[PDB]
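Novice:
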Amino acid sequence: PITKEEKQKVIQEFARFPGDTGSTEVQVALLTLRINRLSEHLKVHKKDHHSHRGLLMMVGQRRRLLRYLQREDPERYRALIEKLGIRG
Amino acid sequence: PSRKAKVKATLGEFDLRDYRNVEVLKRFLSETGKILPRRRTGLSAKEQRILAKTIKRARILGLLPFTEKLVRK
Amino acid sequence: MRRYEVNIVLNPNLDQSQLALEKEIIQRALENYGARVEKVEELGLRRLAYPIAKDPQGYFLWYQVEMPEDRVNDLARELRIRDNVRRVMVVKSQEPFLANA
Amino acid sequence: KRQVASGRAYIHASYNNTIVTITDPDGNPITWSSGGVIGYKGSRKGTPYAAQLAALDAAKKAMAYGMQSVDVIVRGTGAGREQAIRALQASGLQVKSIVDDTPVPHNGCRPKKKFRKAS
RNA sequence: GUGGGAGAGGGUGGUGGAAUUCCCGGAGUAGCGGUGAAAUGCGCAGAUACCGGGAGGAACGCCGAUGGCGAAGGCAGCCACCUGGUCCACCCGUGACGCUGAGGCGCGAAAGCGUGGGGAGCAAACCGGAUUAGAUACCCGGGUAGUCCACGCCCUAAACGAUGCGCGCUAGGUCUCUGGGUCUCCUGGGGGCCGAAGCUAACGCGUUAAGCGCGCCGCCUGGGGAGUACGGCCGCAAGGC
Ligand SMILES: [K+]
Ligand SMILES: [Mg+2]
Ligand SMILES: [Mg+2]
Ligand SMILES: [Mg+2]
Ligand SMILES: [Mg+2]
Ligand SMILES: [Mg+2]
Ligand SMILES: [Mg+2]
Ligand SMILES: [Mg+2]
Ligand SMILES: [Mg+2]
Ligand SMILES: [Mg+2]
Ligand SMILES: [Mg+2]
Ligand SMILES: [Mg+2]
Ligand SMILES: [Mg+2]
Ligand SMILES: [Mg+2]
Ligand SMILES: [Mg+2]
Ligand SMILES: [Mg+2]
Ligand SMILES: [Mg+2]
Ligand SMILES: [Mg+2]
Ligand SMILES: [Mg+2]
Numbered sequence: 002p003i004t005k006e007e008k009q010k011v012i013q014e015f016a017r018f019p020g021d022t023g024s025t026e027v028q029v030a031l032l033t034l035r036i037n038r039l040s041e042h043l044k045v046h047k048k049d050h051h052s053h054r055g056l057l058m059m060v061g062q063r064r065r066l067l068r069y070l071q072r073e074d075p076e077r078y079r080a081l082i083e084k085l086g087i088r089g
Numbered sequence: 016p017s018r019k020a021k022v023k024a025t026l027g028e029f030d031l032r033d034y035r036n037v038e039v040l041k042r043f044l045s046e047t048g049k050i051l052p053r054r055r056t057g058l059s060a061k062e063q064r065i066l067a068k069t070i071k072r073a074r075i076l077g078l079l080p081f082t083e084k085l086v087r088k
Numbered sequence: 001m002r003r004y005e006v007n008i009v010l011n012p013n014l015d016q017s018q019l020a021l022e023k024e025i026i027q028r029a030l031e032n033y034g035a036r037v038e039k040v041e042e043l044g045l046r047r048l049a050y051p052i053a054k055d056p057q058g059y060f061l062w063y064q065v066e067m068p069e070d071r072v073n074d075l076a077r078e079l080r081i082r083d084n085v086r087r088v089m090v091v092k093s094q095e096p097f098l099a100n101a
Numbered sequence: 011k012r013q014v015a016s017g018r019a020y021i022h023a024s025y026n027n028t029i030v031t032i033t034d035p036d037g038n039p040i041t042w043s044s045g046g047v048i049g050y051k052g053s054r055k056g057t058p059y060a061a062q063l064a065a066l067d068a069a070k071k072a073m074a075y076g077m078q079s080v081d082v083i084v085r086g087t088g089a090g091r092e093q094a095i096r097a098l099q100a101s102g103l104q105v106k107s108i109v110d111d112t113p114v115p116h117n118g119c120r121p122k123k124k125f126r127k128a129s
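Now the structure itself:
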């Protein structure tokens with residue numbers, strides 16, 4: 002799973018300023034982390050539907066926060082996308 | 016229906032999580048192998064629920080009895 | 001890595017040469033799967049509940065270890081290869097939980 | 011012709027019949043009986059009385075083989091399982107202990123439609 | 001975000017004992033079995049009952065609950081690994097990012113279809129034995145698909161709380177699962193029960209609303225004809241919408 006310093010290392014990478022654990026950026030990153038992990042676990046275990054549900058959900062949350070971000074600051078959105086290597 | 020006292024009431028401060036300790040766990044079984052109910056074991060919902068799993072572990076390890084035979088019937 | 005407890009129930013009818021053999025094999029397997037040992041308890045011959053492999057006794061060992069969880073299962077498998085090893089229960093260790101405290 | 015004198019008596023009690031087996035201390039049988047052994051034919055083989063006569067027949071035959079004191083094992087639940095132990099205590103064999111071994115699965119097999127609402 | 005937690009939530013690999021069947025071996029003999037009573041059936045080629053050994057399949061006693069988890073279907077031996085949801089405390093961060101949701105897409109008991117496996121017990125169909133006026137049926141003995149596994153279809157249901165989702169408000173009492181606490185008690189979140197107000201045709205519901213409101217979706221408009229016909233779409237078919 003994601004251990005503690007893994008998650009942290011992701012936050013201290015995506016934080017908009019020291020101490021920000023909450024910004025939309027850090028959320029999309031953290032989500033994106035959990036999502037990629039999940040779909041990797043779902044490459045095998047094609048039969049595990051219950052985790053897939055969670056995935057559908059995680060993903061929806063991500064797309065939701067993105068549509069917020071791009072509604073708000075296109076600059077930072079675009080940057081956040083380019084930095085995450087997502088959508089497409 | 017299982018009326019005397021509370022297996023726990025007479026016992027020390029004891030790990031409910033130790034599968035390796037028989038002599039405590041033995042007291043939570045019946046005349047038959049059967050894991051004792053709450054009426055007898057007198058535990059907490061969560062306590063009982065632990066004692067269960069630690070017993071069955073103990074069993075598989077070959078320490079506690081899986082089943083037994085009733086005497087004087 | 002994570003912290004486990006390996007349980008070995010062995011064949012009591014071993015003398016020293018063969019007990020040495022099984023110990024060597026086990027600890028060499030723990031070394032090979034990357035399990036750093038911490039505490040080990042040898043409880044030796046104990047009278048079982050029900051007979052395991054026709055035998056009323058069993059040879060008990062308890063190894064607290066730490067290892068690469070992704071490999072734990074395989075370690076178990078190797079440990080079971082020997083005829084003389086009658087039971088292997090590896091449980092993931094956890095802290096004590098109490099009553100009448 | 012073995013002259014045993016210390017033994018086991020397994021009373022096995024069904025609903026449709028009763029039967030006793032008297033065996034050596036190691037589990038090897040010596041003699042036996044059942045509701046059909048003594049007279050009975052139909053349902054009658056599962057009476058208490060049938061159980062009595064059965065048990066007693068076995069014990070008699072045991073004392074013919076030379077048997078004196080036996081431990082009882084009781085498998086099953088049927089009318090005059092208890093009566094079987096009764097005729098065994100009134101047998102003239104010294105009964106060392108009664109023990110109930112009646113087997114039950116830990117939810118193993120599907121039962122017949124008659125036995126359902128179990129598994 | 002941090003730090004705690006409970007859990008038959010899911011997927012994968014392993015492993016445990018009880019029981020049944022079957023085979024091998026010891027001993028043992030005249031029945032066992034089954035029913036309302038019976039018979040078919042099995043049994044001198046030695047059955048049942050008893051001991052020891054082997055093999056294999058399937059389910060998981062006690063714990064077990066009025067319990068728990070899950071969106072629903074549904075989930076129960078134990079172990080490890082992969083993973084989902086969720087609760088609480090701290091009041092740390094973002095700053096309305098929210099709710100509902102026709103289409104779509106995904107899941108979806110059981111039975112059923114396809115292709116390979118597997119098959120112990122049970123078992124539609126079926127073969128018999130009985131019972132009755134007759135017996136097809138119920139009761140008894142056999143037994144095939146199936147029940148199990150993998151991959152792919154099928155999409156139904158009393159898929160039920162017969163009660164759409166979200167939020168806010170409106171007495172309490174008692175029982176309980178699980179967190180926090182100044183731990184008889186208080187506070188949060190689940191599961192039940194009784195009852196204010198209120199509602200209801202009644203029965204009943206009543207902070208787990210069927211009360212008082214607002215948002216959004218689905219649906220209803222006498223009964224039979226009918227979930228029929230025709231048309232379309234899906235489906236290997238069965239058949240579904
Ligand atoms: K049509
Ligand atoms: Mg589970
Ligand atoms: Mg014949
Ligand atoms: Mg076979
Ligand atoms: Mg029960
Ligand atoms: Mg979890
Ligand atoms: Mg704040
Ligand atoms: Mg601000
Ligand atoms: Mg289905
Ligand atoms: Mg099916
Ligand atoms: Mg098929
Ligand atoms: Mg049958
Ligand atoms: Mg039948
Ligand atoms: Mg409540
Ligand atoms: Mg409450
Ligand atoms: Mg009420
Ligand atoms: Mg009123
Ligand atoms: Mg009309
Ligand atoms: Mg229809």
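Chains as they are written, first to last, in the deposited numbering: chain O, 2 to 89; chain R, 16 to 88; chain F, 1 to 101; chain K, 11 to 129.
Positions of the beta carbon are idealized from the N, C-alpha and C atoms, including for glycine.
#1: Determine the burial state of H50(O): buried for a count of at least 16 other Cβ atoms within 10 Å of its Cβ, exposed for fewer.
#2: Starting from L81(O), trace the beta strand (DSSP E) in both directions and tell me its first and last residue.
#3: Which residue or residues does DSSP assign as beta-bridge partners of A23(K)?
#4: Run through the DSSP bridge pairs and tell me what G17(K) is partnered with.
#5: Taking a contact to mean a Cβ-Cβ separation below 8 Å, would you say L79(F) touches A20(F) in this structure?
#6: Relative to the alpha-carbon of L85(O), which residue among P2(O), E14(O) and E6(O) has its alpha-carbon at the smallest distance?
#7: Would you call the stretch 75-89 of chain F in contact with the stretch 48-61 of chain K, where contact means no fewer than 3 C-beta pairs closer than 8 Å?
#8: Output needed for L26(R): all residues of its chain with C-beta closer than 8 Å, excluding positions within five of it in sequence on either side, in chain order.
#9: When DSSP builds the beta bridges, which residues end up paired with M89(F)?
#10: Given a cut-off of 8 Å, decide if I21(K) and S43(K) are closer than it, judged by their beta-carbon atoms.
#11: Just to make sure I have the definition right: I need the residues of chain K whose C-beta is within less than 8 Å of the C-beta of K84(R). Which are they?
#12: Would you tell me roughly how many angstroms separate the C-alpha atoms of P68(F) and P2(O), rounded to the nearest one?
#13: For the pair the stretch 95-104 of chain K and the stretch 70-82 of chain K, tell me if three or more CB-CB distances fall below 8 Å.
#14: Exposed or buried, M59(O), counting other C-beta atoms within 10 Å across all chains shown (16 or more means buried)?
#15: Exposed or buried, what is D15(F) when buried is set at 16 or more other beta-carbons lying within 10 Å of its beta-carbon?
#16: Within a Cβ cutoff of 7 Å, which residues of the same chain sit near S40(O), ignoring the five residues on either side of it in sequence?
#17: Less than 8 Å between the beta carbons of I108(K) and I95(K), yes or no?
#18: Taking the CB atoms as reference points, tell me whether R18(K) and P35(K) lie closer together than 8 Å.
#19: Quick check on the burial criterion: 16 or more other C-beta atoms within 10 angstroms. Buried or exposed for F60(F)?
#20: Since I believe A35(F) is in contact with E66(F) (beta carbons under 8 Å), could you give me their beta-carbon distance rounded to a whole number of angstroms?
#21: Which bits of chain R does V84(K) rub up against, with CB to CB less than 8 Å?
#22: What's the gap between the Cα of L43(F) and the Cα of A99(F)?
#23: Residue range of the alpha helix (DSSP H) that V40(F) falls in?
#24: Name the chain F residues that come within less than 7 Å of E62(R), Cβ to Cβ?
#25: Let me know if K49(R) comes out buried or exposed under the rule of 16 or more other beta-carbons within 10 Å of its beta-carbon.
#26: Can you have a look at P16(R) and say buried or exposed, based on whether 16 or more other CB atoms are within 10 angstroms of its CB?
#27: Does the Cβ-Cβ distance between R91(K) and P113(K) come in under 8 Å?
#28: What is the C-beta distance between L45(F) and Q57(F), in whole angstroms, given that I count them as a contact (C-beta under 8 Å)?
#29: Using a Cβ-Cβ distance under 8 Å, would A49(F) count as near chain R?
#30: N7(F) versus chain R: which residues are under 7 Å apart at the beta carbon?
#31: Determine, using beta carbons only, whether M89(F) comes closer than 8 Å to chain R.
#32: Given that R55(R) touches chain F, what residues does it touch there, using C-beta distances under 7 Å?
#33: Suppose you measure from the CA of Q62(K) to the CA of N13(F); what does that come to, to the nearest Å?
#34: Expressed to the nearest angstrom, what Euclidean distance is found between the alpha-carbon atoms of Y25(K) and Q93(K)?
#35: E28(R) touches chain F at which residues, Cβ-Cβ below 7 Å?
#36: What is the rounded straight-line gap between the Cα of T82(R) and the Cα of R72(R)?
Specialist: The relevant details are as follows:
#1: exposed
#2: Boundaries for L81(O): no beta strand (DSSP E) harbours it, while the alpha helix (DSSP H) harbouring it runs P75 to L85, taken from the DSSP string.
#3: Residue pairing by DSSP puts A23(K) in a beta bridge opposite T28(K).
#4: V80(K)
#5: no
#6: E14(O)
#7: Segments in contact, no.
#8: The residues are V39 and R42.
#9: Beta-bridge pairing links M89(F) to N7(F).
#10: No, the Cβ-Cβ distance between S43(K) and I21(K) is not below 8 Å.
#11: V109, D110 and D111
#12: 14 Å
#13: yes
#14: With at least 16 other beta carbons inside 10 angstroms of its own, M59(O) counts as buried.
#15: exposed
#16: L56
#17: yes
#18: yes
#19: By the neighbour-count criterion, in which a residue is buried when 16 or more other Cβ atoms sit within 10 angstroms of its Cβ, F60(F) is buried.
#20: 7 Å
#21: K88
#22: 25 Å
#23: Counting along the chain, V40(F) falls outside any alpha helix (DSSP H), though it belongs to the beta strand (DSSP E) covering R36 to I52.
#24: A99
#25: exposed
#26: Classification of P16(R): exposed, given that the 10 Å Cβ count is below 16.
#27: no
#28: 5 Å
#29: yes
#30: Here the neighbours are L76.
#31: Closer than 8 Å: yes.
#32: Among the residues of chain F, none has a CB under 7 Å from the CB of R55(R); the nearest is roughly 14 Å distant.
#33: 48 Å
#34: 14 Å
#35: At a C-beta separation below 7 Å, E28(R) has these neighbours in chain F: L98, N100 and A101.
#36: 14 Å
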